[PDB]
Amino acid sequence: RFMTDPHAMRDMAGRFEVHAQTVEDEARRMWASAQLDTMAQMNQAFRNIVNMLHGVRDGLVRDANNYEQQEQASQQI
Amino acid sequence: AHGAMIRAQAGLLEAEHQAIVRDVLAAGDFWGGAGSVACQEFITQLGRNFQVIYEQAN
């Protein structure tokens, strides 16, 4: 299962990190093409998106760690 | 032509959106299933933000 697979979980984190990176890049270009409250709304939507993608990334990494932790906490000895 | 750029960058952003939904579906178990209300809310909130950007670009 996916959530019992530290390696798959850490791979997917990768993919989500790449999406964050892509969307950060497209935001900077897009903000540039935009040359003040409409600007705020866009800036905000962009950040919201990048944060969600950071969450999944941090969540998957945390979970991959914690699963490895559950395993070693019940073998040591 | 500065309008063309913005529209294009938007199409580009919309492709990203779609690529992310395909990955959220592939990582559906993270939210306790791809069909879980946790997953669908994530998606719904994702669309709300892309919609904002899309709108103001068009």
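Where a number appears in this text, it was derived from the coordinates with a stated rule and is not lab data. Every residue, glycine as well, gets a Cβ built from its backbone with ideal geometry; the counts of neighbours run over all protein chains shown.
Suppose the filter is in a helix (DSSP H, G or I), closer than 18 Å to B:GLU14 by Cβ and under 16 Å from the mean Cα position of the chain (by Cα); does A:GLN41 pass it?
no
Identify all residues within the range B:1-13 that are more than 7 Å from every other protein chain (Cβ to nearest Cβ) and surrounded by 15 or more Cβ atoms within 10 Å (Cβ to Cβ); write none if there are none.
Listed by number, the list holds a single entry, B:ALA10.
Taking the residues in the range A:25-75 that are small (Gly, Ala, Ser) and within 18 Å of A:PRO6 (Cα to Cα) as candidates, determine which candidate is nearest to the other protein chains (Cβ to nearest Cβ).
It comes out as A:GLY59.
How many residues, within the range B:29-42, are buried (at least 17 other Cβ atoms within 10 Å of the Cβ) and either more than 8 Å from chain A (Cβ to nearest Cβ) or over 14 Å from A:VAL56 (Cα atoms) (or both)?
Residues meeting the conditions: 2.
Test A:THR22 against the stated conditions and say whether it is among the β-branched types (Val, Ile, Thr), exposed (fewer than 14 other Cβ atoms within 10 Å of the Cβ) and within 11 Å of another protein chain (Cβ to nearest Cβ).
No; evaluated as a whole, the condition is false for this residue.
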